Amino acid sequence: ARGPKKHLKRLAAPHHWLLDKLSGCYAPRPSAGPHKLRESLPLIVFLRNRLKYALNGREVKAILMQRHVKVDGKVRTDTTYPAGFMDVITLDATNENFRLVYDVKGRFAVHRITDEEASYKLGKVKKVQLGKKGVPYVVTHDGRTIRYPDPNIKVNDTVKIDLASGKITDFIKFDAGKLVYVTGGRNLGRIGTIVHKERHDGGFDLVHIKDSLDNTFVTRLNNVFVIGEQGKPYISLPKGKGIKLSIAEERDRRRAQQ
Amino acid sequence: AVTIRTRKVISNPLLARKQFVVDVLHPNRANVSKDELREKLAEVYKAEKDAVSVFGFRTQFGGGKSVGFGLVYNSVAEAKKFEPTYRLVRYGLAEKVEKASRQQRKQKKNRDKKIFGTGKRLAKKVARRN
Amino acid sequence: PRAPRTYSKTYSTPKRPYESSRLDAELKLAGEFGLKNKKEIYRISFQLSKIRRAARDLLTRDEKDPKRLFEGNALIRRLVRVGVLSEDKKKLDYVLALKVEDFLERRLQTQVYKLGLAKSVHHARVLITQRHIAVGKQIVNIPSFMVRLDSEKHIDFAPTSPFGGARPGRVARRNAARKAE
Amino acid sequence: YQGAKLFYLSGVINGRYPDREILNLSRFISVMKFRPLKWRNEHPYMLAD
RNA sequence: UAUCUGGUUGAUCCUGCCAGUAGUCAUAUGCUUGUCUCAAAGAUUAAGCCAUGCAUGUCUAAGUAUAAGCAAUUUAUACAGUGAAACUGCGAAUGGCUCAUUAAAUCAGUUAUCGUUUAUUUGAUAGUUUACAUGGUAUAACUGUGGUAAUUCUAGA
RNA sequence: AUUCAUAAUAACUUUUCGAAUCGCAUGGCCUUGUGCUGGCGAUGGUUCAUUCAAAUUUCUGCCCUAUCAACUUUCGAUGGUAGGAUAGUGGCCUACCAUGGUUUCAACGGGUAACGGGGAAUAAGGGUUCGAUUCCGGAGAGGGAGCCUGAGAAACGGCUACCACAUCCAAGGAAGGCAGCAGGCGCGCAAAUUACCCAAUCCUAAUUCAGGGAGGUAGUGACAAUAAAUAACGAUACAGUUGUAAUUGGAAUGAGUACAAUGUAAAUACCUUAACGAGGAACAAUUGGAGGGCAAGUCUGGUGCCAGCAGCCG
RNA sequence: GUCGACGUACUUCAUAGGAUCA
Ligand SMILES: [Mg+2]
Ligand SMILES: [Mg+2]
Ligand SMILES: [Mg+2]
Ligand SMILES: [Mg+2]
Ligand SMILES: [Mg+2]
Ligand SMILES: [Mg+2]
Ligand SMILES: [Mg+2]
Ligand SMILES: [Mg+2]
Ligand SMILES: [Mg+2]
Ligand SMILES: [Mg+2]
Ligand SMILES: [Mg+2]
Ligand SMILES: [Mg+2]
Ligand SMILES: [Mg+2]
Ligand SMILES: [Mg+2]
Ligand SMILES: [Mg+2]
Ligand SMILES: [Mg+2]
Ligand SMILES: [Mg+2]
Ligand SMILES: [Mg+2]
Ligand SMILES: [Mg+2]
Ligand SMILES: [Mg+2]
Ligand SMILES: [Mg+2]
Ligand SMILES: [Mg+2]
Ligand SMILES: [Mg+2]
Ligand SMILES: [Mg+2]
């Protein structure tokens, strides 16, 4: 190619979107934004294929141009805006608030939250550095640059950000025993507690996580997201609380409830 | 008789309407016209007939029942604002706009592309030349 | 371009079509069940071969294997639901004991014949293809329709059919009008 | 022969066929080539004008 | 190959041999072709040549309208609605097509940029340098005068 | 892990940036002035970070060939120093230096009906073959070469030259690139429509609105696949409890036709359905193979009347 | 030139043996 691409084939789209393979030939390409293309849920998919409020892309555009949708407290009018992990989506007309958190299966879930919980979000500190004029700042996983951070905040920590002011209200250090959420790999969507961080210089650090059922799994440090102390997450968790269940157990539960 | 049942009802204040799936039992009848379904749904939901849209009706194999989708807008103005133009044309709410075939418009576009400016100067120039 | 839509062959030619014993077996099957051609028999044989190969492969797995348990339970549940496998024979060994006749008996043609709605398998086929048979509230015109145990008790003449309480067919009212005139 | 071109004409207006199909027919004749036939290439003939 | 058929002599058995019978896929072709669902369309190693048409344009309350444009008017004597043409900005580097070259080249998995560019999106970020606001160092559309057989050609004022 | 982030000092610059822009609304102070102050947005703008990307890059992995054993190095081949150039590392190029680098663990040269992979087929397993072709990546726009613009192109539905073709011409000049969608030629022998639409999918723009042969819709050789009609129930008759019916009774139904409605952007079709639609049910199922029999008939041969060939023809 | 060698593609000849019976 001679420049950036602008089209996305349906078969090439992220699997977790759960798009019909025969509905069309193209899928919404997420516009540039806070979250990476493959880790993001464009607003069209959320409003149409998840909430079912809109029956087609044109109706999604009609909804957005009415300014009814806010992402992290700010109105967005782009159909393919890349909403992503820990993003608060507010619909005032419906009096509804959502937080985009993976379910255990590895797909963004329709998780409703309260207004108080919609006032803040969490962000993994991806970088900490001095800017111009010697003003320290932290860069989080959604591209937010926050100046004058608490000096104790280091990389891999999780900062609680207030959406109204975009200021750090609280922070959580990365340490053993902390409650974490897996945001990548085949263990995506699971919740557990750190046991041990294996450090390899010049390579990828691995973290061993123990879930509530005592199962243990190893994941790269890039996919880990601290969300609180054990049993006391800073956010309301989805149904199932991030616990993986074997196919037989899922069958048993499904038959029991049916 | 005919029985109309609305299922999977969703209230969409974003688009200011109510969506649902209309299941029509019509024993001893071929099928129900969209006009009659719109009138009956308007009577049920206490709305103007203009505010009711219905589409996508397929009669199940063997007859006797049909399934389609239905929308009930909060008032007529919102229906005119949000509804697709073609569906409005079906209901008579809007008049079909008459336009030339795509080939005619495309050829006219190319011919106009060949001209620069308003073209009146070219007209008077060719007139004086000949 | 749009994504491909999957397709598959529901039958296969047997290894040696010309075995005399095989020819006689196909003749008996077609005559007993009123099958139109050898394609239907090949189709049922292909399904049965697939089922039995799956069962054998599961049996090769050690007992208590999660894959064996899950897949074997699902397969036995399906076979019991369609009626091929009896309730008391819920094991993979009895899945290998199935035969084409078991599947053929479940066809809507044979069931319509057996229930007493038709005087022969061919009469049952004609009744089905002419839209006289309803499984529940749904008219079914496919002789190969495989009847489930629950569906077994709901086979009846369709409400729209002249035999099911509807008005007489075209011939009946035609002759009645000519007699009246 | 198999695949022979067959042209379809719908209606007559002002004693004339639709313009589009006649254009298709006119072009088809234009690019046409003719086989050498034994009889016509062995005898002189002429259609009186 | 297997199975089955037939021949091996004056005849019948038992061996052996011999001949024909297996296969889907691919190419070309022949005959037939009623209904429902569904779906593809290469090939002369000729990436050989193309008549004709179309396939890339785009304006919101929010850059520039005294169109001698339209319609409304005294909501508007600076303008104010809609708006051709042209300037300005963006896109045209995406999409679609073909497989010619290419044998550590491409490509697959896996690394690095402490080795560099990045329109756009998102978050931050600029009290330090006639102003009740400067020029043509200027033109388009437009008016008017023209050349050419001819082109999405254009010259002077 | 740094000469990193950042900061400080001395200067330097055809040297930048630090809003002379636009929409809607008319709030608060008073010394009552068209005075002071002030809201929600749009568009620009420096730098950093992020996102979409780009470029280069580390390790391992390609079919046939040894009757291809030495190759590279004069004209960069391997490396060092400095410079130039690039967005940047780098023999990428230049100047000066050394003589290096690859190879029987197959270099180099040659062949390829060689774009690579995900994949397809077969097979009991090992294997063998196929992959232009729905996704990913690369390369090209008749063949070489070179560029303007721009964040991004060595672009070709952009430009300039040359090579080959080729259109108009008043002969002075001018205009070209279907390996895009339709449709032609390449033979004298053949195969989809020069169709409708942006309604869905998504893309472009100043932008909800315009555009989109991208894409969808329909049409068109049985590509590859799924289901499945062409009759069912009886009586009578005839013939050697079996077979045969241009025999016969009244019931069933869709192929097709068609009010209508549904479908669709508009249509066609499907699913529904009034009214028509069956005995030769002529509403006329096909493709191959095997075996007969008949004459005042025809041909060939001979241990009589026979045998072979064969028989649309007497 | 019905030429030699080689390469390639084909054709062809070598199948009956034992036991019983007449
Ligand atoms: Mg690192
Ligand atoms: Mg009926
Ligand atoms: Mg044919
Ligand atoms: Mg027929
Ligand atoms: Mg039909
Ligand atoms: Mg005006
Ligand atoms: Mg411009
Ligand atoms: Mg080579
Ligand atoms: Mg390599
Ligand atoms: Mg832009
Ligand atoms: Mg910005
Ligand atoms: Mg001038
Ligand atoms: Mg250097
Ligand atoms: Mg040098
Ligand atoms: Mg290959
Ligand atoms: Mg090639
Ligand atoms: Mg390929
Ligand atoms: Mg290129
Ligand atoms: Mg060409
Ligand atoms: Mg080029
Ligand atoms: Mg072209
Ligand atoms: Mg192009
Ligand atoms: Mg073409
Ligand atoms: Mg603007």
# chains A, B, ... in the order shown; residues from 1 in each chain; ligands from 1
$ residues_near_ligand --ligand "ligand 9" --cutoff "10 Å" --atoms "only C-alpha atoms (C1' of nucleotides) and all ligand atoms" --output "list in words"
residues 104 and 105 of chain E; 58, 59, 60 and 61 of chain F
$ residues_near_ligand --ligand "ligand 19" --cutoff "12 Å" --atoms "only C-alpha atoms (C1' of nucleotides) and all ligand atoms" --output "PyMOL selection string"
(chain E and resi 46-50+98+100) or (chain F and resi 140-143+165+177-179)
$ residues_near_ligand --ligand "ligand 1" --cutoff "9 Å" --atoms "only C-alpha atoms (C1' of nucleotides) and all ligand atoms" --output "JSON, numbers by chain"
{"A": [201, 202, 203, 204], "E": [112]}
$ residues_around --residues "residue 55 of chain C" --least-positions-apart "5" --cutoff "10 Å" --atoms "only C-alpha atoms (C1' of nucleotides)" --output "PyMOL selection string"
chain C and resi 49-50+60+68+71-72+75-76+91-96
$ residues_near_ligand --ligand "ligand 24" --cutoff "7 Å" --atoms "only C-alpha atoms (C1' of nucleotides) and all ligand atoms" --output "list in words"
residues 60, 62 and 63 of chain E; 43 and 206 of chain F
$ residues_near_ligand --ligand "ligand 4" --cutoff "8 Å" --atoms "only C-alpha atoms (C1' of nucleotides) and all ligand atoms" --output "number ranges by chain"
E: 34; F: 230, 283-285
$ interface_residues --of "chain A" --to "chain C" --cutoff "10 Å" --atoms "only C-alpha atoms" --output "NGL selection string"
:A and (9-11 or 20-26 or 246-248 or 251)
$ residues_near_ligand --ligand "ligand 14" --cutoff "9 Å" --atoms "only C-alpha atoms (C1' of nucleotides) and all ligand atoms" --output "PyMOL selection string"
chain F and resi 76+91+93-96
$ residues_near_ligand --ligand "ligand 6" --cutoff "9 Å" --atoms "only C-alpha atoms (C1' of nucleotides) and all ligand atoms" --output "VMD selection string"
chain E and resid 65 to 66 79 to 83
$ select_by_dssp --residues "chain D" --states "helix (DSSP H, G or I)" --output "list in words"
residues 19, 20, 21, 22, 23, 24, 25, 26, 27, 28, 29 and 30 of chain D
$ write_last_selection --atoms "C-alpha atoms" --output "compact mmCIF listing (two decimals), in the first residue's frame"
# COMPACT_ATOMS: atom_id res chain seq x y z
CA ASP D 19 -32.95 2.88 -29.17
CA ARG D 20 -30.76 0.88 -26.78
CA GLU D 21 -31.30 -2.56 -28.30
CA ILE D 22 -30.81 -1.26 -31.84
CA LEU D 23 -27.48 0.19 -30.73
CA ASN D 24 -26.52 -3.22 -29.36
CA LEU D 25 -27.66 -4.89 -32.58
CA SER D 26 -25.86 -2.32 -34.73
CA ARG D 27 -22.54 -2.81 -32.95
CA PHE D 28 -22.86 -6.59 -33.06
CA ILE D 29 -23.18 -6.53 -36.84
CA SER D 30 -20.26 -4.10 -37.16
$ interface_residues --of "chain A" --to "chain E" --cutoff "6 Å" --atoms "only C-alpha atoms (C1' of nucleotides)" --output "PDB file with N, CA and C atoms, in the first residue's frame"
ATOM      1  N   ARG A   2       0.275   2.376  -0.388  1.00  0.00           N
ATOM      2  CA  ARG A   2       0.966   3.655  -0.433  1.00  0.00           C
ATOM      3  C   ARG A   2       0.562   4.580   0.705  1.00  0.00           C
ATOM      4  N   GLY A   3      -0.175   4.081   1.691  1.00  0.00           N
ATOM      5  CA  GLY A   3      -0.593   4.894   2.803  1.00  0.00           C
ATOM      6  C   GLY A   3      -1.482   4.131   3.760  1.00  0.00           C
ATOM      7  N   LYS A   5      -4.530   2.420   5.606  1.00  0.00           N
ATOM      8  CA  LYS A   5      -5.746   1.791   5.118  1.00  0.00           C
ATOM      9  C   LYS A   5      -6.964   2.414   5.784  1.00  0.00           C
ATOM     10  N   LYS A   6      -8.108   2.310   5.108  1.00  0.00           N
ATOM     11  CA  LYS A   6      -9.346   2.893   5.599  1.00  0.00           C
ATOM     12  C   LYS A   6     -10.512   1.918   5.616  1.00  0.00           C
ATOM     13  N   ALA A  32      -9.012   6.299  14.763  1.00  0.00           N
ATOM     14  CA  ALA A  32      -7.935   6.494  15.716  1.00  0.00           C
ATOM     15  C   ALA A  32      -8.490   7.115  16.989  1.00  0.00           C
ATOM     16  N   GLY A  33      -7.935   6.713  18.125  1.00  0.00           N
ATOM     17  CA  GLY A  33      -8.466   7.144  19.393  1.00  0.00           C
ATOM     18  C   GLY A  33      -7.707   6.589  20.578  1.00  0.00           C
ATOM     19  N   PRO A  34      -8.338   6.605  21.754  1.00  0.00           N
ATOM     20  CA  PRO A  34      -7.618   6.193  22.967  1.00  0.00           C
ATOM     21  C   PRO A  34      -7.098   4.768  22.926  1.00  0.00           C
ATOM     22  N   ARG A 144      -4.462   9.009  28.444  1.00  0.00           N
ATOM     23  CA  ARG A 144      -4.602  10.210  29.252  1.00  0.00           C
ATOM     24  C   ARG A 144      -3.259  10.604  29.842  1.00  0.00           C
ATOM     25  N   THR A 145      -2.869  11.853  29.625  1.00  0.00           N
ATOM     26  CA  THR A 145      -1.690  12.432  30.250  1.00  0.00           C
ATOM     27  C   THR A 145      -2.150  13.271  31.432  1.00  0.00           C
TER      28      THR A 145
END
$ residues_near_ligand --ligand "ligand 10" --cutoff "10 Å" --atoms "only C-alpha atoms (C1' of nucleotides) and all ligand atoms" --output "PyMOL selection string"
(chain E and resi 89-91+119-121) or (chain F and resi 204-205)
$ closest_atom_pairs --of "chain E" --to "chain B" --cutoff "8 Å" --atoms "only C-alpha atoms (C1' of nucleotides)" --output "JSON lines"
{"residue": "E:54", "atom": "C1'", "partner": "B:103", "partner_atom": "CA", "distance": 7.2}
{"residue": "E:84", "atom": "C1'", "partner": "B:118", "partner_atom": "CA", "distance": 7.7}
{"residue": "E:85", "atom": "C1'", "partner": "B:118", "partner_atom": "CA", "distance": 5.2}
{"residue": "E:86", "atom": "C1'", "partner": "B:117", "partner_atom": "CA", "distance": 7.3}
{"residue": "E:141", "atom": "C1'", "partner": "B:117", "partner_atom": "CA", "distance": 7.2}
{"residue": "E:152", "atom": "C1'", "partner": "B:114", "partner_atom": "CA", "distance": 4.6}
$ closest_atom_pairs --of "chain D" --to "chain F" --cutoff "7 Å" --atoms "only C-alpha atoms (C1' of nucleotides)" --output "CSV"
residue,atom,partner,partner_atom,distance
D:3,CA,F:191,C1',4.8
D:35,CA,F:188,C1',4.5
D:36,CA,F:188,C1',6.3
$ residues_near_ligand --ligand "ligand 5" --cutoff "12 Å" --atoms "only C-alpha atoms (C1' of nucleotides) and all ligand atoms" --output "list in words"
residues 34, 35 and 36 of chain E; 229, 253, 254, 255, 256, 269, 270, 271 and 272 of chain F
$ interface_residues --of "chain B" --to "chain A" --cutoff "8 Å" --atoms "only C-alpha atoms" --output "JSON, numbers by chain"
{"B": [10, 12, 13, 14, 15, 82]}
$ select_by_dssp --residues "segment 103-167 of chain C" --states "strand (DSSP E)" --output "PyMOL selection string"
chain C and resi 133-135+138-139+155-157
$ residues_around --residues "residue 115 of chain F" --least-positions-apart "3" --cutoff "8 Å" --atoms "only C-alpha atoms (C1' of nucleotides)" --output "list in words"
residues 99, 102 and 106 of chain E; 138 and 139 of chain F
$ residues_near_ligand --ligand "ligand 15" --cutoff "10 Å" --atoms "only C-alpha atoms (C1' of nucleotides) and all ligand atoms" --output "PyMOL selection string"
chain F and resi 63+112+114-116+130-131
$ atom_distance --atom1 "atom CA of residue 51 of chain B" --atom2 "atom CA of residue 43 of chain A"
27.8 Å
